[PDB]
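Taking the form deposited in one PDB entry, here's one chain by itself in structure tokens.
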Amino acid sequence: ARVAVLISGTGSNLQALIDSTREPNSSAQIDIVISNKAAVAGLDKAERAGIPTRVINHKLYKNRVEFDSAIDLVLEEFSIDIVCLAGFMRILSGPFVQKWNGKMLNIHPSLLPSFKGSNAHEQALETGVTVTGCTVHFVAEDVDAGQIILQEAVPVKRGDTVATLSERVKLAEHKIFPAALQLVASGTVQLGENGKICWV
């Protein structure tokens, strides 16, 4: 399965994905890394790994739809089969999501449905939970609302801050996001006709 990773920043999930997909049993190959922000560290990791990179500036297109069109163009250019959002901080248009329905995974740093949205760790700490975690899910139109693929619980420790909580969660992310990719790329998991998660 040919895979694209969309990033916006440091790219440590990208790195975890690269690491698993070079294992010989990997059913995924990362063929392109696409970032909407230049000079971010995820682009270095991708170039250090030998993976082609493209930077699409969302300040050169008029529409969200024109912008995703540019991404889709690159995905088609590289004959991509699966799209992994690994720290992509931009919301995708409805038609783009429709076209990739069932082929696009996202890593979100909470136990969904808790703490949808962009500041999940802040939500978790404000709420006062003693357990949080991360989720890999298919991207549906409603944000952080697609079919869940994997989750891993992570403890919240006393005095945690966003810094320390997200450090702990990210170790879990580097576990379940490569596993989730591998489930989907091997055809073990798909999105069923009924749109629920389909094990095979």
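Throughout, rigid core stands for the largest set of C-alpha atoms superposing within 1.5 Å between the two forms. Quick note: we count residues from 1 along the sequence shown, nothing fancier.
Unshown form deposited in another entry; subsequent notes refer to it.
Once the core is superposed between this form and the one not shown, every option in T164, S69, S27, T53 stays below 2 Å in C-alpha shift except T164.
Remark: with the core as the superposition reference, the CA shift of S93 between this form and the one not shown stays below 2 Å. Relative to the superposed rigid core, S79 undergoes a CA displacement smaller than 2 Å between this form and the one not shown. Core-aligned CA deviation for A124 between this form and the one not shown: 2 Å or greater.
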